[PDB]
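Notes for the one structure printed next.
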Amino acid sequence: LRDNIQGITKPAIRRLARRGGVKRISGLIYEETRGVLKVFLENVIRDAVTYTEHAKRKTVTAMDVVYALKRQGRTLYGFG
Amino acid sequence: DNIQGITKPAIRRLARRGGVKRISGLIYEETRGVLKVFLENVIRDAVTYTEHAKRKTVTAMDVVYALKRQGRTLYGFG
Amino acid sequence: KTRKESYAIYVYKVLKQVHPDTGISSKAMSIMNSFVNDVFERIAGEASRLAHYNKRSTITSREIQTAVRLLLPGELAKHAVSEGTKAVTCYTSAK
Amino acid sequence: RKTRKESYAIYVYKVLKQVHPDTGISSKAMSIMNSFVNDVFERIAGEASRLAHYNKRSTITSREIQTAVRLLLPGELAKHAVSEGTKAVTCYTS
Amino acid sequence: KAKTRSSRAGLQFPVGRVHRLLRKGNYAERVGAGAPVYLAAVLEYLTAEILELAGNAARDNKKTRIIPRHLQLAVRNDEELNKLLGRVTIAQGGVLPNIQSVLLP
Amino acid sequence: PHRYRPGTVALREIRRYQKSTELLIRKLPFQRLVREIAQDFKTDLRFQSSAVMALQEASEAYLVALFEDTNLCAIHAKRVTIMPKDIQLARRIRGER
Amino acid sequence: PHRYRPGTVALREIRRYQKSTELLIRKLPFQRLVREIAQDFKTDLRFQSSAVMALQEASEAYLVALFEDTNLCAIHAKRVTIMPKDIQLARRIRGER
DNA sequence: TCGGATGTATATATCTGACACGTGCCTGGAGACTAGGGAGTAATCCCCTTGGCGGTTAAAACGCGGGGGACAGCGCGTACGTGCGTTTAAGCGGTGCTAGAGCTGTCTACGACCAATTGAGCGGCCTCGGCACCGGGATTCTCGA
DNA sequence: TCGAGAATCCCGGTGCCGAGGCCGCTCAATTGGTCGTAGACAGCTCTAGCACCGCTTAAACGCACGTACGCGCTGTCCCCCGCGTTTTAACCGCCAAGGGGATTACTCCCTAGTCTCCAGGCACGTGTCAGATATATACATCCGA
């Protein structure tokens with residue numbers, strides 16, 4: 001699999017930038033944002049899979065994601 | 001009172017260690033405000049640990065525990 | 001058919017004390033449950049490190065009080081200390 | 001006559017005389033190394049305790065310590081720390 | 001004869017369950033008598049403050065039921081609650097209405 | 001014939017998307033992205049649905065906060081348009097790179 | 001007669017103070033500052049000496065890191081001279097104000 | 001500055017499905033009562049904090065001249081918005097299957113616990129060399145001719 | 001383009017205090033044996049995760065067109081840098097008093113533990129009203145002549 005970083009399209013980054021409060025956007029922000037998102041998701045997925053392997057399972061539950069994010073320094077209410 | 005004892009050449013030396021070429025003239029009052037806020041937030045927790053331990057002397061371990069609560073973790077003093 | 005404990009009915013009672021004519025959905029109740037567990041674990045861990053620093057082996061109300069003063073900001077901390085002291089006084093006088 | 005103070009001075013001195021046979025160390029650097037050993041001990045021990053609480057166990061085994069090292073150290077440093085620990089346990093049993 | 005401790009201390013949160021969770025979760029070797037009473041009083045106060053701020057926003061948007069948007073607005077408009085819940089993401093909450101002034105015509 | 005002056009639809013889309021609370025990314029492409037970049041850690045994993053929803057919530061919140069700090073950097077440089085060196089300055093002052 | 005062009009002594013003082021490791025604030029005025037702003041929390045406290053040395057170490061390190069991030073903001077605005085709005089931008093992106 | 005024209009609150013109706021209420025049961029909290037060990041309270045003692053004096057000199061404070069950088073205005077071209085018609089794949093519902101998460105029942109191997117030695121590790125005390133300081137001469141980068 | 005000259009840098013000589021090693025004595029780690037229970041393993045169940053298929057339409061895509069914004073260029077003035085002179089309080093060494101920080105000893109009352117009993121809270125099953133989704137429409141804001 002080579003795609004699916006292209007699946008984050010370019011009205012979606014625009015909508016995230018306008019919820020952020022941005023009026024006028026360049027044309028390199030798109031690839032820069034895709035790189036940022038891929039790095040963040042890799043760091044979270046790695047710790048979630050570590051908790052899942054230690055629990056001796058094969059499914060990634062919601063609590064493993066919550067515990068991974070809590071280790072990152074980013075608490076998340078509403079899924080526990 | 002004593003915040004004016006953090007003189008003009010001392011802030012300049014800290015800026016030179018930071019890597020700063022040229023400095024304006026309002027940085028001194030801005031920097032005295034920043035340093036006063038930092039020291040208030042640390043000395044408050046150090047005095048709280050001292051009051052819980054039923055002492056009247058502020059030791060170095062209280063300062064280390066307060067700085068560790070802030071998220072800063074000084075090595076070298078116990 | 002297995003039990004799972006939460007704080008739903010108690011949050012519902014406090015809501016019916018402050019606003020007697022409103023309700024709460026399930027998602028907001030889940031958020032309030034997470035908030036109560038978060039603050040509980042934070043205060044309890046701080047009290048435990050106080051008891052370890054002072055070479056003692058007992059978590060008491062004075063450790064809980066100093067943990068509250070270290071953890072919460074000013075006016076919120078003063079009102080929390082007042083509420084806890086009033087509850088402990090009414091518990092010992094009604095022994 | 002004073003009250004004793006347990007430390008890690010003599011063990012850091014042993015490791016230094018293994019790795020650099022003609023090198024000394026001052027007092028402040030030994031204090032920094034003592035604080036470093038205590039810090040890393042408390043991080044790994046706290047994370048292993050939290051794993052054992054998440055999975056509803058009552059025991060800290062070496063598998064929790066391995067998972068805590070793997071969560072807490074970055075990259076190749078974790079890759080070598082796992083090897084050192086496994087090798088020491090294997091030499092301890094036989 | 002069986003009265004609860006919560007009715008004795010005049011509270012709404014349980015005291016027996018807080019004492020069980022303190023004795024069970026490896027915090028210290030002994031746990032005193034006023035510790036769960038003090039901690040249940042503190043948790044009740046914080047819950048009441050959050051819900052008092054949330055119900056007013058549910059009135060202001062003309063609703064009779066609280067949602068995570070109302071919890072988000074209640075937390076982020078207060079000052080000291082925004083310092084307590086500083087790095088915390090509330091699910092399905094959104095942001096506050098902020099526009100910079102140099103972007104306006 | 002009728003066209004708005006450029007900036008007007010941008011401002012009212014800012015108001016429209018700061019008023020609502022929803023997910024701003026399509027969720028089948030995000031699910032494919034999660035499964036792909038999880039495939040290089042353990043073969044044949046099996047996600048739930050609330051796990052993917054939690055990951056999407058967390059990722060959306062992270063990107064919105066990064067764009068707010070990027071906008072403040074671009075205003076500090078006396079511009080309006082956001083450029084990628086603003087993103088780099090924000091992520092290096094914050095302590096991420 | 002002999003004078004250096006302005007900037008030269010600044011650069012060599014940058015090298016000279018990045019080479020050494022010492023305290024860059026006088027310590028009797030710092031001790032008076034600590035005792036004064038501790039007097040409004042508990043009357044008649046009694047500090048040690050290593051407590052004041054630890055506070056001076058921590059304060060010096062904090063100010064040096066703040067000046068590095070301030071310098072990056074001022075370079076981003078295509079200037080050389082550091083102004084106080086750079087300090088404000090650094091402390092607001094970082095998460096302190 | 002009025003005129004038109006999009007775009008947004010505002011009112012009214014109708015359905016659906018989640019929140020609020022009611023029941024049974026069952027397990028976790030309350031009530032007495034006993035053992036013993038952590039903690040509170042007094043006394044001692046001696047260290048380390050606080051206050052004061054006096055001579056030295058290094059650093060802070062104050063002018064002063066001038067040059068280099070901040071800041072404001074102007075021109076240009078180009079990169080990014082707004083809107084239109086075409087395509088594509090996301091969302092919704094429905095069906096089917098099966099791996100795997102979850103709970104029960106037996107049992108054994110492993111960690112807590114206790115008593116007796118004994119050697120490792122901490123405090124204390126000499127003691128010599130590594131580093132700190134002073135001085136002199138070589139080098140080298142900067143700036144006005 | 002080169003000479004003056006003002007700061008770094010390398011080498012040698014003196015000295016002094018703090019790492020480093022040796023010694024004695026307590027107290028914590030080791031060794032051996034016993035007990036009970038936490039967790040490993042085997043087995044059955046039943047529930048969500050995965051895969052596929054057809055339809056509808058909302059949204060992504062590519063394209064013209066025009067304009068507002070980024071960015072370079074210029075001038076001027078003002079404010080910060082480098083340097084020399086005067087003042088001042090930090091730093092070092094010294095003496096002296098006494099508060100309070102550790103430490104030990106001696107009770108005592110507060111918490112763990114056990115066992116019995118019972119009532120509050122959790123799972124499941126109804127039911128109806130709060131809010132989501134239509135249509136019709138005042139009315140507010142933007143751009144142009």
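Chain lettering (A, B, ...) mirrors the order of the structure tokens, residue numbering begins at 1 for each chain separately, and ligand numbering begins at 1 in order of display.
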Lay chain G over chain F using all C-alpha atoms, matched one to one in order, with a least-squares fit; then write it out as a CSV table (one decimal) with N, CA and C atoms, in the first residue's frame.
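File produced: part_29.csv:
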```csv
chain,number,residue,atom,x,y,z
G,1,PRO,N,-22.5,37.3,-13.1
G,1,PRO,CA,-22.3,38.7,-12.8
G,1,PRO,C,-22.0,39.0,-11.4
G,2,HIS,N,-22.8,38.6,-10.5
G,2,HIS,CA,-22.5,38.8,-9.1
G,2,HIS,C,-21.4,37.9,-8.6
G,3,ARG,N,-20.4,38.6,-8.0
G,3,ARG,CA,-19.3,37.9,-7.4
G,3,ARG,C,-18.9,38.6,-6.1
G,4,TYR,N,-18.5,37.9,-5.1
G,4,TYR,CA,-18.1,38.5,-3.9
G,4,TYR,C,-16.6,38.9,-4.0
G,5,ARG,N,-16.2,40.0,-3.3
G,5,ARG,CA,-14.9,40.4,-3.2
G,5,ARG,C,-14.1,39.3,-2.4
G,6,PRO,N,-12.9,39.0,-2.8
G,6,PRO,CA,-12.2,37.8,-2.2
G,6,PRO,C,-11.7,38.1,-0.8
G,7,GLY,N,-12.3,37.2,0.1
G,7,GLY,CA,-12.1,37.3,1.6
G,7,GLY,C,-13.4,37.2,2.3
G,8,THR,N,-14.5,37.5,1.6
G,8,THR,CA,-15.8,37.5,2.3
G,8,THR,C,-16.3,36.1,2.6
G,9,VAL,N,-16.2,35.2,1.6
G,9,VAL,CA,-16.6,33.8,1.8
G,9,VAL,C,-15.6,33.1,2.8
G,10,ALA,N,-14.4,33.5,2.8
G,10,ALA,CA,-13.4,33.0,3.8
G,10,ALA,C,-13.8,33.3,5.2
G,11,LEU,N,-14.2,34.6,5.4
G,11,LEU,CA,-14.6,35.0,6.8
G,11,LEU,C,-15.9,34.3,7.2
G,12,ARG,N,-16.9,34.1,6.3
G,12,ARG,CA,-18.1,33.5,6.7
G,12,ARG,C,-17.9,32.0,6.9
G,13,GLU,N,-17.0,31.4,6.1
G,13,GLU,CA,-16.7,30.0,6.4
G,13,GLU,C,-15.9,29.8,7.8
G,14,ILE,N,-15.1,30.8,8.1
G,14,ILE,CA,-14.5,30.8,9.5
G,14,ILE,C,-15.6,30.8,10.6
G,15,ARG,N,-16.6,31.6,10.4
G,15,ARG,CA,-17.7,31.6,11.4
G,15,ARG,C,-18.5,30.4,11.4
G,16,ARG,N,-18.7,29.8,10.2
G,16,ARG,CA,-19.6,28.6,10.1
G,16,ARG,C,-18.9,27.4,10.6
G,17,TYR,N,-17.6,27.3,10.5
G,17,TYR,CA,-16.9,26.1,11.0
G,17,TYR,C,-16.5,26.3,12.5
G,18,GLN,N,-16.4,27.5,13.0
G,18,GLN,CA,-16.2,27.6,14.4
G,18,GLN,C,-17.5,27.5,15.2
G,19,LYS,N,-18.7,27.6,14.5
G,19,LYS,CA,-19.9,27.4,15.2
G,19,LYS,C,-20.3,25.9,15.5
G,20,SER,N,-19.9,25.0,14.6
G,20,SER,CA,-20.3,23.6,14.7
G,20,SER,C,-19.3,22.7,15.4
G,21,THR,N,-19.7,21.5,15.7
G,21,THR,CA,-18.9,20.5,16.3
G,21,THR,C,-19.1,19.2,15.5
G,22,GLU,N,-18.2,18.9,14.6
G,22,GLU,CA,-18.3,17.6,13.8
G,22,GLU,C,-17.0,17.2,13.4
G,23,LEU,N,-16.9,16.1,12.7
G,23,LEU,CA,-15.6,15.6,12.2
G,23,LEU,C,-15.4,16.2,10.8
G,24,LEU,N,-14.2,16.7,10.5
G,24,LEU,CA,-14.0,17.4,9.3
G,24,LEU,C,-13.1,16.7,8.3
G,25,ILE,N,-12.9,15.4,8.6
G,25,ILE,CA,-12.2,14.5,7.7
G,25,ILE,C,-13.2,13.3,7.4
G,26,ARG,N,-13.2,12.9,6.1
G,26,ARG,CA,-13.9,11.7,5.8
G,26,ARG,C,-13.3,10.5,6.5
G,27,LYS,N,-14.1,9.5,6.9
G,27,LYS,CA,-13.7,8.5,7.8
G,27,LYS,C,-13.3,7.1,7.2
G,28,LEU,N,-13.8,6.8,6.0
G,28,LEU,CA,-13.2,5.6,5.4
G,28,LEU,C,-11.7,5.9,4.9
G,29,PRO,N,-11.3,7.0,4.3
G,29,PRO,CA,-9.9,7.2,4.0
G,29,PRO,C,-9.1,7.3,5.3
G,30,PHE,N,-9.6,7.8,6.4
G,30,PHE,CA,-8.8,7.9,7.6
G,30,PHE,C,-8.6,6.5,8.2
G,31,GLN,N,-9.6,5.7,8.1
G,31,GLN,CA,-9.5,4.3,8.6
G,31,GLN,C,-8.5,3.5,7.8
G,32,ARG,N,-8.5,3.7,6.4
G,32,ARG,CA,-7.5,3.1,5.6
G,32,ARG,C,-6.1,3.6,6.0
G,33,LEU,N,-5.9,4.8,6.3
G,33,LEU,CA,-4.6,5.4,6.7
G,33,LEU,C,-4.1,4.8,8.0
G,34,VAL,N,-5.0,4.6,9.0
G,34,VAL,CA,-4.7,4.0,10.2
G,34,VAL,C,-4.2,2.6,10.1
G,35,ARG,N,-5.0,1.8,9.3
G,35,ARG,CA,-4.6,0.4,9.1
G,35,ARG,C,-3.3,0.2,8.4
G,36,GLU,N,-3.1,1.1,7.4
G,36,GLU,CA,-1.8,1.0,6.6
G,36,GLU,C,-0.6,1.3,7.5
G,37,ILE,N,-0.7,2.4,8.2
G,37,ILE,CA,0.5,2.7,9.0
G,37,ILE,C,0.6,2.0,10.4
G,38,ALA,N,-0.4,1.2,10.6
G,38,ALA,CA,-0.3,0.2,11.7
G,38,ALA,C,0.2,-1.2,11.2
G,39,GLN,N,0.1,-1.4,9.9
G,39,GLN,CA,0.6,-2.7,9.3
G,39,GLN,C,2.1,-2.9,9.5
G,40,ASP,N,2.9,-1.9,9.7
G,40,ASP,CA,4.3,-2.0,9.8
G,40,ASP,C,4.8,-2.2,11.2
G,41,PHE,N,3.9,-2.5,12.1
G,41,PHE,CA,4.2,-2.8,13.5
G,41,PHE,C,3.8,-4.2,14.0
G,42,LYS,N,2.8,-4.8,13.4
G,42,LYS,CA,2.3,-6.1,13.7
G,42,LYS,C,1.3,-6.5,12.6
G,43,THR,N,1.6,-7.6,12.0
G,43,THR,CA,0.7,-8.1,10.9
G,43,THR,C,-0.6,-8.6,11.4
G,44,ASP,N,-1.6,-8.3,10.7
G,44,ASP,CA,-3.0,-8.8,10.9
G,44,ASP,C,-3.5,-8.3,12.3
G,45,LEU,N,-3.6,-7.0,12.5
G,45,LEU,CA,-4.3,-6.5,13.6
G,45,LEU,C,-5.8,-6.3,13.3
G,46,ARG,N,-6.6,-6.0,14.3
G,46,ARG,CA,-8.0,-6.0,14.2
G,46,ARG,C,-8.6,-4.9,15.0
G,47,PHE,N,-8.8,-3.7,14.5
G,47,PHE,CA,-9.3,-2.6,15.2
G,47,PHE,C,-10.7,-2.7,15.6
G,48,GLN,N,-11.1,-2.0,16.7
G,48,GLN,CA,-12.5,-1.8,16.9
G,48,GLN,C,-13.0,-0.5,16.2
G,49,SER,N,-14.2,0.0,16.5
G,49,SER,CA,-14.7,1.2,15.8
G,49,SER,C,-14.4,2.4,16.7
G,50,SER,N,-14.6,2.3,18.0
G,50,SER,CA,-14.3,3.4,18.9
G,50,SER,C,-12.8,3.7,19.0
G,51,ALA,N,-11.9,2.8,18.7
G,51,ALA,CA,-10.5,3.1,18.6
G,51,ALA,C,-10.2,4.0,17.5
G,52,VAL,N,-10.8,3.8,16.3
G,52,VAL,CA,-10.6,4.6,15.2
G,52,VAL,C,-11.3,6.0,15.4
G,53,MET,N,-12.4,6.0,16.1
G,53,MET,CA,-13.0,7.3,16.4
G,53,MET,C,-12.2,8.1,17.4
G,54,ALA,N,-11.6,7.4,18.4
G,54,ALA,CA,-10.7,8.1,19.3
G,54,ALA,C,-9.5,8.7,18.6
G,55,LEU,N,-8.9,8.0,17.7
G,55,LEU,CA,-7.7,8.5,17.0
G,55,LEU,C,-8.1,9.6,16.1
G,56,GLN,N,-9.3,9.6,15.5
G,56,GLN,CA,-9.7,10.7,14.7
G,56,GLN,C,-10.0,12.0,15.5
G,57,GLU,N,-10.6,11.9,16.6
G,57,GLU,CA,-10.8,13.0,17.5
G,57,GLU,C,-9.4,13.6,17.9
G,58,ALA,N,-8.5,12.8,18.4
G,58,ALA,CA,-7.2,13.3,18.8
G,58,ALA,C,-6.4,14.0,17.7
G,59,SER,N,-6.5,13.4,16.5
G,59,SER,CA,-5.7,14.0,15.4
G,59,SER,C,-6.3,15.3,14.9
G,60,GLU,N,-7.6,15.4,14.9
G,60,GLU,CA,-8.3,16.7,14.5
G,60,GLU,C,-7.9,17.8,15.5
G,61,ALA,N,-8.0,17.5,16.8
G,61,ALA,CA,-7.7,18.5,17.8
G,61,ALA,C,-6.2,19.0,17.7
G,62,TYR,N,-5.3,18.1,17.5
G,62,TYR,CA,-3.9,18.4,17.3
G,62,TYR,C,-3.7,19.4,16.2
G,63,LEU,N,-4.3,19.1,15.0
G,63,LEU,CA,-4.1,19.9,13.8
G,63,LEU,C,-4.7,21.3,14.0
G,64,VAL,N,-5.9,21.4,14.7
G,64,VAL,CA,-6.5,22.7,14.9
G,64,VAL,C,-5.6,23.6,15.8
G,65,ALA,N,-5.1,23.0,16.9
G,65,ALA,CA,-4.2,23.9,17.7
G,65,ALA,C,-2.9,24.3,17.0
G,66,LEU,N,-2.4,23.4,16.2
G,66,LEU,CA,-1.2,23.8,15.4
G,66,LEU,C,-1.4,24.9,14.5
G,67,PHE,N,-2.6,24.9,13.8
G,67,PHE,CA,-3.0,26.0,12.9
G,67,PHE,C,-3.2,27.3,13.6
G,68,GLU,N,-3.7,27.3,14.9
G,68,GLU,CA,-3.8,28.6,15.6
G,68,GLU,C,-2.5,29.2,15.9
G,69,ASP,N,-1.5,28.4,16.4
G,69,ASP,CA,-0.2,28.9,16.7
G,69,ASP,C,0.6,29.4,15.4
G,70,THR,N,0.3,28.6,14.3
G,70,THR,CA,0.9,29.0,13.0
G,70,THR,C,0.3,30.4,12.5
G,71,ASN,N,-1.0,30.6,12.7
G,71,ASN,CA,-1.6,31.9,12.4
G,71,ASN,C,-1.0,33.1,13.2
G,72,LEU,N,-0.7,32.8,14.5
G,72,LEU,CA,0.0,33.9,15.3
G,72,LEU,C,1.4,34.2,14.8
G,73,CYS,N,2.1,33.2,14.4
G,73,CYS,CA,3.5,33.4,13.8
G,73,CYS,C,3.4,34.3,12.5
G,74,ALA,N,2.4,33.9,11.6
G,74,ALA,CA,2.3,34.7,10.4
G,74,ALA,C,1.8,36.1,10.6
G,75,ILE,N,1.0,36.3,11.6
G,75,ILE,CA,0.6,37.7,11.9
G,75,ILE,C,1.8,38.5,12.5
G,76,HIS,N,2.7,37.8,13.3
G,76,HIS,CA,3.9,38.4,13.8
G,76,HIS,C,4.8,38.9,12.7
G,77,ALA,N,4.9,38.1,11.6
G,77,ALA,CA,5.8,38.5,10.5
G,77,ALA,C,5.2,39.6,9.6
G,78,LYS,N,4.0,40.2,10.0
G,78,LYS,CA,3.3,41.2,9.2
G,78,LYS,C,2.9,40.7,7.9
G,79,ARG,N,2.2,39.6,7.8
G,79,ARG,CA,1.6,39.0,6.7
G,79,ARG,C,0.2,38.6,7.0
G,80,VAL,N,-0.5,38.0,6.0
G,80,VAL,CA,-1.7,37.3,6.2
G,80,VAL,C,-1.7,35.9,5.7
G,81,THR,N,-1.0,35.6,4.7
G,81,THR,CA,-0.9,34.2,4.1
G,81,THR,C,0.1,33.4,5.0
G,82,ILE,N,-0.4,32.2,5.3
G,82,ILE,CA,0.4,31.2,6.1
G,82,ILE,C,1.3,30.4,5.1
G,83,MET,N,2.6,30.3,5.5
G,83,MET,CA,3.7,29.7,4.8
G,83,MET,C,4.2,28.6,5.7
G,84,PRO,N,4.9,27.6,5.1
G,84,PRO,CA,5.4,26.4,5.9
G,84,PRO,C,6.5,26.7,6.9
G,85,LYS,N,7.2,27.8,6.7
G,85,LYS,CA,8.2,28.2,7.7
G,85,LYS,C,7.6,28.7,9.0
G,86,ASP,N,6.3,29.1,9.0
G,86,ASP,CA,5.6,29.4,10.2
G,86,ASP,C,5.3,28.2,11.0
G,87,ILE,N,4.9,27.1,10.3
G,87,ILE,CA,4.7,25.8,10.9
G,87,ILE,C,6.0,25.3,11.6
G,88,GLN,N,7.1,25.5,10.9
G,88,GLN,CA,8.4,25.0,11.4
G,88,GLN,C,8.8,25.8,12.7
G,89,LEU,N,8.5,27.2,12.7
G,89,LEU,CA,8.8,28.0,13.8
G,89,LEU,C,7.9,27.6,15.0
G,90,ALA,N,6.7,27.3,14.8
G,90,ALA,CA,5.7,26.9,15.8
G,90,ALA,C,6.1,25.6,16.5
G,91,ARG,N,6.5,24.6,15.6
G,91,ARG,CA,6.8,23.3,16.2
G,91,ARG,C,8.2,23.3,16.8
G,92,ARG,N,9.1,24.3,16.5
G,92,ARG,CA,10.4,24.3,17.2
G,92,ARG,C,10.4,25.1,18.5
G,93,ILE,N,9.5,26.1,18.5
G,93,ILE,CA,9.4,26.8,19.8
G,93,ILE,C,8.7,26.0,20.8
G,94,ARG,N,7.7,25.2,20.4
G,94,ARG,CA,6.9,24.4,21.3
G,94,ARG,C,7.7,23.3,21.9
G,95,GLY,N,8.6,22.7,21.2
G,95,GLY,CA,9.5,21.7,21.8
G,95,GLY,C,9.3,20.3,21.2
G,96,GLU,N,8.9,20.3,19.9
G,96,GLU,CA,8.7,19.1,19.1
G,96,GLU,C,9.7,18.8,18.1
G,97,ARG,N,10.5,19.8,17.6
G,97,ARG,CA,11.5,19.6,16.6
G,97,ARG,C,12.6,20.7,16.7
```
Picked from chain B by DSSP as strand (DSSP E), as a list in words: residues 22, 23, 57 and 58 of chain B
Exercise answer, chain C residues close to chain E, 6 Å and only C-alpha atoms, as a PyMOL selection string: chain C and resi 10+22-24+28+48+57-61+80+84+87+90-91
Could you write those residues out with N, CA and C atoms, as a CSV table (one decimal), in the first residue's frame?
```csv
chain,number,residue,atom,x,y,z
C,10,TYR,N,-24.4,9.8,41.2
C,10,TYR,CA,-24.0,10.8,42.1
C,10,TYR,C,-23.9,12.2,41.4
C,22,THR,N,-33.3,20.4,34.7
C,22,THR,CA,-32.6,20.1,33.5
C,22,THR,C,-32.1,18.6,33.5
C,23,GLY,N,-31.6,18.1,32.4
C,23,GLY,CA,-31.1,16.8,32.3
C,23,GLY,C,-29.7,16.7,31.7
C,24,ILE,N,-29.2,15.5,31.5
C,24,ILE,CA,-27.9,15.3,30.9
C,24,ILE,C,-27.9,14.1,30.0
C,28,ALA,N,-22.2,13.3,27.8
C,28,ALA,CA,-21.7,14.2,28.8
C,28,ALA,C,-21.5,13.6,30.2
C,48,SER,N,0.4,10.5,48.2
C,48,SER,CA,1.3,9.4,48.4
C,48,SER,C,2.8,9.8,48.3
C,57,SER,N,4.0,6.4,56.9
C,57,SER,CA,3.3,5.3,56.3
C,57,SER,C,1.8,5.4,56.4
C,58,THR,N,1.3,6.6,56.5
C,58,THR,CA,-0.1,6.8,56.7
C,58,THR,C,-0.6,8.0,55.9
C,59,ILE,N,-1.6,7.8,55.0
C,59,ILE,CA,-2.2,8.9,54.3
C,59,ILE,C,-3.4,9.4,55.2
C,60,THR,N,-3.3,10.7,55.6
C,60,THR,CA,-4.3,11.3,56.5
C,60,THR,C,-4.9,12.5,55.8
C,61,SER,N,-5.8,13.2,56.6
C,61,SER,CA,-6.5,14.3,56.0
C,61,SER,C,-5.5,15.5,55.9
C,80,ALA,N,-12.2,24.7,48.3
C,80,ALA,CA,-12.1,23.3,48.5
C,80,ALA,C,-11.6,22.9,49.9
C,84,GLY,N,-13.9,20.7,52.6
C,84,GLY,CA,-13.4,19.5,53.2
C,84,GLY,C,-13.3,19.6,54.7
C,87,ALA,N,-16.8,19.2,56.2
C,87,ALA,CA,-17.3,17.8,56.2
C,87,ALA,C,-16.6,17.0,57.3
C,90,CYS,N,-18.2,18.0,60.7
C,90,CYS,CA,-19.6,17.4,60.8
C,90,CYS,C,-19.5,15.9,60.9
C,91,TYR,N,-18.4,15.3,60.5
C,91,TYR,CA,-18.3,13.8,60.7
C,91,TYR,C,-17.9,13.4,62.0
```
Å distance separating CA of residue 53 in chain C from CA of residue 68 in chain B, one decimal place: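 Spanning CA of residue 53 in chain C to CA of residue 68 in chain B is a straight-line distance of 13.3 Å.
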Chain A residues near chain H (9 Å cut-off, only C-alpha atoms (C1' of nucleotides)) as a list in words: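 Taken together, these residues fit the definition: residues 24, 25, 26, 27, 57 and 58 of chain A.
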Restricting it to N, CA, C and O atoms, dump the selection as an mmCIF file, in the first residue's frame.
```
data_model
loop_
_atom_site.group_PDB
_atom_site.id
_atom_site.type_symbol
_atom_site.label_atom_id
_atom_site.label_comp_id
_atom_site.auth_asym_id
_atom_site.auth_seq_id
_atom_site.Cartn_x
_atom_site.Cartn_y
_atom_site.Cartn_z
ATOM 1 N N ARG A 24 -6.092 33.011 4.592
ATOM 2 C CA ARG A 24 -5.475 32.866 3.279
ATOM 3 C C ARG A 24 -4.305 31.898 3.391
ATOM 4 O O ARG A 24 -3.425 32.101 4.226
ATOM 5 N N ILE A 25 -4.290 30.858 2.557
ATOM 6 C CA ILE A 25 -3.408 29.701 2.707
ATOM 7 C C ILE A 25 -2.533 29.575 1.464
ATOM 8 O O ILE A 25 -3.011 29.778 0.346
ATOM 9 N N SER A 26 -1.266 29.199 1.643
ATOM 10 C CA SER A 26 -0.347 29.002 0.525
ATOM 11 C C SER A 26 -0.597 27.650 -0.146
ATOM 12 O O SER A 26 -1.642 27.023 0.027
ATOM 13 N N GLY A 27 0.351 27.186 -0.954
ATOM 14 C CA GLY A 27 0.159 25.932 -1.661
ATOM 15 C C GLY A 27 1.144 24.829 -1.332
ATOM 16 O O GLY A 27 1.191 23.817 -2.030
ATOM 17 N N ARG A 57 -3.311 -9.854 23.348
ATOM 18 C CA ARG A 57 -4.520 -9.828 22.537
ATOM 19 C C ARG A 57 -4.189 -9.653 21.070
ATOM 20 O O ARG A 57 -3.023 -9.683 20.674
ATOM 21 N N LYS A 58 -5.223 -9.475 20.254
ATOM 22 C CA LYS A 58 -5.074 -9.219 18.834
ATOM 23 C C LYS A 58 -5.907 -8.041 18.363
ATOM 24 O O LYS A 58 -5.822 -7.681 17.187
#
```
Please, which residues in chain I fall within 10 Å of chain A when counting only C-alpha atoms (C1' of nucleotides), and what is the closest atom pair and distance in Å to one decimal for each, ordered by chain then residue number, as a Markdown table?
```
| residue | atom | partner | partner_atom | distance |
| --- | --- | --- | --- | --- |
| I:49 | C1' | A:59 | CA | 9.6 |
| I:59 | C1' | A:11 | CA | 9.7 |
| I:60 | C1' | A:11 | CA | 8.1 |
```
Non-local contacts of residue 47 in chain A (12 Å; only C-alpha atoms (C1' of nucleotides); under 6 positions in same chain excluded) as a list in words: residues 40, 41, 53, 54, 60, 63, 64, 65, 66, 67, 68, 69, 70, 71 and 72 of chain A; 67, 68, 70, 71, 72, 73 and 74 of chain D; 38 and 41 of chain F
Determine, for each residue of chain E having at least one atom at most 10 Å from an atom of chain F, the closest pair of atoms and their separation in Å to one decimal, counting only C-alpha atoms; order by chain and ascending number, as a tab-separated table.
```
residue	atom	partner	partner_atom	distance
E:68	CA	F:21	CA	9.5
E:69	CA	F:21	CA	7.6
E:89	CA	F:61	CA	7.4
E:90	CA	F:57	CA	9.1
E:91	CA	F:57	CA	6.6
E:92	CA	F:21	CA	6.0
E:93	CA	F:21	CA	6.0
E:94	CA	F:21	CA	5.0
E:95	CA	F:18	CA	6.4
E:96	CA	F:18	CA	6.9
E:97	CA	F:18	CA	5.9
E:98	CA	F:18	CA	8.2
E:99	CA	F:14	CA	8.3
E:100	CA	F:72	CA	9.0
E:102	CA	F:75	CA	8.3
E:103	CA	F:80	CA	7.5
E:104	CA	F:11	CA	8.1
E:105	CA	F:7	CA	8.9
```
